[PDB]
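Topology and contacts: notes
Next come the chains, spelled out residue by residue.
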Amino acid sequence: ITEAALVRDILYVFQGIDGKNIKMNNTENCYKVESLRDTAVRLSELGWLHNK
Amino acid sequence: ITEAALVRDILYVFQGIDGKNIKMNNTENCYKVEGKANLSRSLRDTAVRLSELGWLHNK
Amino acid sequence: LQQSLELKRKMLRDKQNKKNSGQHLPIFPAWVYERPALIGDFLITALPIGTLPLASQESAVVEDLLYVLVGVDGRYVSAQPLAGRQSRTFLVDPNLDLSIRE
Amino acid sequence: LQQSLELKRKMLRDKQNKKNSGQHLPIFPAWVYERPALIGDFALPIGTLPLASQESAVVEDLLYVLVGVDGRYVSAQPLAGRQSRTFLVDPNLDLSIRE
Amino acid sequence: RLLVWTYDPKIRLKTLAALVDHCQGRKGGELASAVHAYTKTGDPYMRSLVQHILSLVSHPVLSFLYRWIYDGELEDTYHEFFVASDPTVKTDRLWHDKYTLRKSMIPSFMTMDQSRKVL
């Protein structure tokens, strides 16, 4: 998938809700992307800290 | 259509004078609205809500 | 809804015999309570496609939800009848997008 | 790595009995290390491109990499003993620009 | 990716997760002495962040200490104050034996002499 979908989904992740390519893992409250995947995982911790 | 028509129309419904998009003015006691833009909350719900103030005025 | 027709008799009676021949309490006329147009709720057009454009979803959903807030109906969302108990249930579209739905 | 928690225990026991002035003293978050981004540090083919596009992809990646995280190509090897952590830059850019 | 925009909330969120997760399962002056555990510090960014939460939690506590420094009384199912009032006492044993000093709900800005003088 493209970086363009991931940047519009990280904004959804910020609200604490699931994006359309980045989806929740149940082993944490942590979002996981379906290289550059680690950079998106770093920003998804904002939505984790929102959830809590 | 436009809402600026609805203000002057519901105005007529208030007075017991014939409306413009609506033709019931306490001749059935139910108000029947004619669709000109097919709005179910901004041509129907609001209009039937405001029509009861005209029914009270008629009374 | 229809249980309320009970109360309006019985709660008068306890007061009625107290006055017993004084200036008793009138009843407010029934048509006031027949109409749903004195209530915010209206109890019961829509275009399902799958809500495919997101940018138009943003423009349309907020108008329909602003209706649903005061008890007027929207298109995609619609308030469904619960006046039998003091609550309200609202119906969403099952084709609504996963982000906008939550 | 792990040793920090042990330090935080041994300091805390040392902090308490000297002065009892504080009440319900705080202990540092374990959840800072659990969540990977509270800490400051953790596509296109990279070999079949020409040199100018190589340098543009490299400038885009290095603008990420100045602060600690894995980039799009270059990552950093694990922490284990390094207090002065460096990165492992990926080649296929020319050996002039490598300096 | 815009990492820069979101590192400044990564610190504010760090401190907020600190105050929320640490103060779990505490109420009363055990919560006005768990959020008054974070102005004992030397991080001036965290002390100011706590001083919009500490002010709110202190106000019911100081409301109860106005009904127990002068006329008034507090009785509810969960006391968030150090008094544990004793219902159904008609005897004269009320000299300290109707109003027990609950040590667990003593907040962090009162010492032993401060929470015992007021009772």
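For the structure itself, look to the data block above.
An account of the accompanying structure is given in this report. For every chain, the first residue of the written sequence is numbered 1, i.e. counting runs from 1 onward, and this need not coincide with the entry's numbering; residues without coordinates are not included. Chain letters and ligand numbers both follow the written order, the letters beginning at A and the numbers at 1. Keep in mind that this is only part of a larger assembly, and the values describe that part, not the whole. Side-chain descriptors were evaluated using all non-hydrogen atoms of the structure, hydrogens and water having been removed beforehand.

So, about the environment of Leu79 of chain D. Residue and element names in this part refer to chain D. Position of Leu79 relative to the elements: it lies in the segment after helix 3 (51-65). Note on exposure labels: buried denotes an accessible area under 20% of the residue type's maximum, exposed denotes more than 50%, and partly exposed covers the range between, all computed with a 1.4 Å probe on protein chains only. Its relative accessible area of 33% is what places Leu79 among the partly exposed residues. Excluding its chain neighbours within four sequence positions, the residues that come into contact with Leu79 are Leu1 and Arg85. Helix numbers and strand numbers start at the N terminus; a helix is a DSSP run of H or I with at least 4 residues, a strand a run of E with at least 2. Here, residues are in contact when the closest pair of their heavy atoms is within 4.5 Å.

Here, nonpolar core refers to any group of buried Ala, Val, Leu, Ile, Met, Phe, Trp, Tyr and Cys residues whose side-chain atoms link them within 4.5 Å. By size, the foremost hydrophobic cluster in this structure holds 15 residues, and its most contacted members are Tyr38 and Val50 of chain E. Among the elements of the structure, helix 2 (31-34) of chain D together with helix 1 (8-22) and helix 2 (44-50) of chain E are those that each provide at least two residues to this core. In this view, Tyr38 of chain E contacts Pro26 of chain D together with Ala18, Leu19, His22, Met46, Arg47 and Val50 of chain E; residues no more than four positions away in its chain are not counted.

Right, let's talk about the packing of aromatic side chains for a bit. Only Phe, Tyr and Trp rings are paired, with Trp represented by its six-membered ring, and only when their centres lie within 6.5 Å; those with planes under 30 degrees apart are stacked, over 60 edge-to-face, the remainder tilted. Applying the stated criterion across every chain yields a total of five aromatic pairs over all chains. An aromatic cluster is built from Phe64, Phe81 and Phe82 of chain E, whose rings are joined through pairwise contacts. Between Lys8 of chain C and the ring centre of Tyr33 of chain C, over which it is positioned, the NZ or CZ distance is 5.7 Å. By definition here, charges over rings are those cases where NZ of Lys or CZ of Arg is within 6 Å of the ring centre and within 35 degrees of the ring normal. When the ring centre of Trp48 of chain A is taken as origin, the NZ or CZ atom of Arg35 of chain D, which lies over that ring, is 5.0 Å away.

The span you would expect from a helix comes to 1.5 Å times its residue count less one. Between its first and last C-alpha, helix 1 of chain E extends 22 Å over 15 residues, near the 21 Å set by a 1.5 Å rise per residue. Every buried residue of helix 1 of chain E is listed here: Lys10, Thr15, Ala17, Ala18, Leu19 and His22 of chain E. In this fold, the buried residues of helix 1 of chain E make contact with helix 2 (37-43) and helix 3 (45-51) of chain A, helix 2 of chain D together with helix 2 of chain E.

What follows is about the interface of chain E and chain D. On the side of chain D, 17 residues touch chain E, which itself brings 20 residues to the contact. Counting each side, the surface lost to burial between chain E and chain D is near 1400 Å², with a carbon and sulfur contribution of 61%. Defined here as a combined quantity, buried area equals the accessible surface (1.4 Å probe) lost by two parts on assembly, summed across both. When the buried surface of chain E facing chain D is broken down by residue, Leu3, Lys10 and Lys14 of chain E rank first, second and third, together holding 27% of it. Definition of a polar contact: a pair of N or O atoms within 3.5 Å, with one able to donate and the other able to accept a hydrogen when the atoms are protein atoms, and with sequence-neighbouring residues admitted only if both atoms are side-chain atoms. At the junction of chain E and chain D, the tally comes to three residue pairs in polar contact.

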